[PDB]
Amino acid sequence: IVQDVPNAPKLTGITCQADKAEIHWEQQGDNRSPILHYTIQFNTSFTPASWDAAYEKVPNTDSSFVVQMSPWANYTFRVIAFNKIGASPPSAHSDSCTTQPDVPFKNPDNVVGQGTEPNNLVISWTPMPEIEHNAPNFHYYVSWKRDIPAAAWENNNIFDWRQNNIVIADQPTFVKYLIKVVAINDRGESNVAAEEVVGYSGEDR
């Protein structure tokens, strides 16, 4: 038998719920090599040119699948069929689903407090991409204080979601600080308590 990758599946419909979508499709021929699994890909209005995997290796017996959707986003999906020869061209993309705003569901990862020079303290974190913003006017709220009884938190709003640090200067060398980096948007601060990270001014811990 002469084999080839499968034909593009036909996306037949979609159901858009508040926090999930059910995508439906019909395979269109396996060109003589049984379909092994499907991949459901998705793109958003934030990064429309990027197609990322919503789910890989979806069973060959499924003709529909439920995928989770994050708050404040528009999503369109497409399906690719795979057989031993390889991947089929993608199906046409689905109609879009729009999700409503909510508070952020996480705070930034990799929070570090460390000086780069003797008398400063640099607080850094990994920026959260737009799909994690969850509502308009997303910003980071950075707080810090010396680990001294009665010391008050000093705070700073960072409205640039791509910014990954703040530099605090005129600090004593090698002293301890308690630090927090919280995600906040129009709906409120995130629903997960941020970890109080221990940091040190100067270059040593």
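Throughout, we count residues from 1 along the sequence that is shown.
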Original post:
With respect to the recorded C-alpha B factors, which stretch has the higher mean value, 142-150 or 33-41?
Top reply: 142-150
Original post:
89-97 versus 124-132: which one carries the higher mean Cα B factor per the record?
Top reply: 89-97
Original post:
Would the CA B-factor of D170 place it in the lowest, middle or highest third of its chain?
Top reply: middle
**OP:** Comparing against every modelled residue in the chain, figure out the third that the C-alpha B-factor of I158 lands in (lowest, middle or highest).
**Re:** lowest
**OP:** Tell me, lowest, middle or highest third: where does the Cα B factor of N185 rank within its chain?
**Re:** lowest
Original post:
Should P118 be placed in the lowest, middle or highest third of its chain by the C-alpha B factor in the entry?
Top reply: highest
Original post:
For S50, does the deposited CA B-factor place it in the lowest, middle or highest third of the chain?
Top reply: highest
